[PDB]
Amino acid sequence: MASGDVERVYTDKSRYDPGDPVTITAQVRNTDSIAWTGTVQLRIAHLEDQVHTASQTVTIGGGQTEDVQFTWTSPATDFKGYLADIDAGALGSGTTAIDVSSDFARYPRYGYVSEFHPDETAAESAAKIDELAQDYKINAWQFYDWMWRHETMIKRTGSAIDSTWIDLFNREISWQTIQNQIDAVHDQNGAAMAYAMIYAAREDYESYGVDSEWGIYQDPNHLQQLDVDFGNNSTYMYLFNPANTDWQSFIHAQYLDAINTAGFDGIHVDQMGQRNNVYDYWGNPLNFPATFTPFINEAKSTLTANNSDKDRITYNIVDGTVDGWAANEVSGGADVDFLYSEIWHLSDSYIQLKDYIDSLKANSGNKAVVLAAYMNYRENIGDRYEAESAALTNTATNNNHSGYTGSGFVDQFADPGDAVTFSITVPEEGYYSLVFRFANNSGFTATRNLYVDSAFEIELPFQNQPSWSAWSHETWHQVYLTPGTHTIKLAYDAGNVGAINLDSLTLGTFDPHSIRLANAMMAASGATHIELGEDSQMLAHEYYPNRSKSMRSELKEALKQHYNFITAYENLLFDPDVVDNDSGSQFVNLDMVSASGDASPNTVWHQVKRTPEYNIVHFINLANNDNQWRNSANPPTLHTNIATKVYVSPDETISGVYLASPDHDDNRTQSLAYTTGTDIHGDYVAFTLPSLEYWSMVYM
């Protein structure tokens, strides 16, 4: 009785040049008591075609996990996704995608780095980079808030680069850590993109060589420069004019310093979004969104002159939507290598988001599109533990303010020696986000010390709110926990301040249902999603270090599948020749399953696309859910054996009907039996979809 499983399959790089050798590794576990000897088979497909096989005999000891490796010379034709399948017979199987692309900008799969601690060792830097590359095919990383000051990015004493420096939120950043992450990125053939603002400088900017004549103002008399107040009467960002050629000259030299000193491949240029009624120093009104494209193009040219292998650029189109602010200007005129857009509430539905991605493509000559679209934003979702049901220590229960959940909340939480002790149960080893719902109208920030299984973790702040009924869940802390029972104690110890009312503790959890639907919708429309970073953290908020939610292992598995599916089938998703097919919503029929062509709520949404070689039908299952992409969702209504008709041209040629999904069979393509026929409505191909859970793709 042989037994086991392939735990992980990955490649040595997230991207390859045509002709590069690819090393594919199956991590194969023998779960039997004794050693297994057997054949392990590699099959590599390109879409429906089997292109390579290989075989070897291996022995794997009882209870052991062994890396089984194959090597493959990638074919010499550029821009090709493949699927590598490793079959170990009785010990199971697994797949991974292979991406052959000379230019990552064609198929960006963008993640992030936000943590640059001195105590992060090279091995830890390499492990978080390697995990993202291996499991999600990430080929580019945005290094978020690596810089010292927004206008002076590397901190120097004379000509020596400081070993560490302190960022705008008082975080300690190590130069060596940044460098080690960059090298680990390059070891995956990745691109390392340096975050920077288009137009920002920190306080006292006159001392760092920046002229206040370059700024932008709320009035024509240069009185009030546009700023961001961080609310401590000290830390500000001041805004400047992207059209001003001296600001350009200063800030583009900083970009080059980042390229040349750290080895970044390019610049991720951010902005704050829509500002109205804006003036330069001299009191001239600015067409503000029209300044961005000249800045970007000059930036691109400056970067290309410095180093044409490390000249990458993108610019964040904030609050993206059809004809949104700066959207047509940037997508239609700016030499970004790929488009990037932060989505807020002007494209809330699937179809609105689709319409936006389509317009970015049409404007830009089918550039890649990456979307920042923070899933489940501000939802206090996950396992909830009510504070009034916890173990109380010199604190009591009450109900005399509006807005609590459960039967009440903890109050008389104002003195040293007072505490609240939650007793939680977690189903697996991993990160858990402790999210505290509380009130505080003390007039000032309160603080408590947090303890986990009796041992001190950290001191947490609790911001003051306008009233005792304005609750907040914006105090959170992530911890790493083993399965089963744990104790979570919030304490007023000596040296803590303020009174607070405590509603609950929630284990902040990303919802997989929404996340899988959104990712499917974006990929079916030709965009990817910046969401993964660090050691499989996910973006919960625009400030990337926010850990207010954590992913559970079932979501991490689904994301691995999804991210490999969009790499292996990248030629049917993101190539410039992938276009919507003109025909409307009676192009496709699903017998006795409600469907739409327009992402209607509670329907199987079908979308028909085509290349020169293939016709493509996407099915995205919105059954049991609405049409809004961001918000947590129900499990979709599972469908089985859907009698499907796809109406086709009488001319069009048809060799077979192929099915693949990130939901079933490790992204492998399945050939489906089908018939051709004609009826009242026209010529069709008929076939049965065996199942539909989130997203299935049929090609022919």
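Numbers for residues come from their place in the sequence shown, where the first is 1.
Could you check which stretch, 512-520 or 87-95, carries the larger mean CA temperature factor in the entry? Here the higher of the two C-alpha B-factor means belongs to 87-95.
Can you tell me which stretch has the higher mean Cα B-factor, 403-411 or 180-188? Averaged over C-alpha atoms, the B-factors run higher in 403-411.
For the listed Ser347, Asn139, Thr395, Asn546, which has the peak Cα B-factor recorded in the PDB entry? Each of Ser347, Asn139, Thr395, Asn546 was compared by C-alpha B-factor; the highest is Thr395.
In terms of recorded Cα temperature factor, pick the maximum from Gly332, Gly324, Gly526, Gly231. Max CA B-factor in the entry, restricted to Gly332, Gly324, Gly526, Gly231: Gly231.
Assigned third (lowest, middle, highest) for the C-alpha B factor of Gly677: Ranked within chain, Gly677 CA B lands in the highest tercile.
Compared with the other modelled residues in the chain, in which third is the CA B-factor of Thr314? Lowest third of the chain for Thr314's C-alpha B-factor.
When the deposited Cα B-factors of this chain's modelled residues are ordered and cut into thirds, is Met700 in the lowest, the middle or the highest one? Middle third - that is where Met700 ends up once the chain's C-alpha B-factors are sorted.
Looking at the entry's B-factor column for C-alpha atoms only, identify whether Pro650 ranks in the lowest, middle or highest third of its chain. Its C-alpha B-factor, which the entry lists for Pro650, ranks in the highest third among residues of this chain.
State the tercile, meaning the lowest, middle or highest third, of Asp103 with respect to the CA B-factors recorded for its chain. Middle third.
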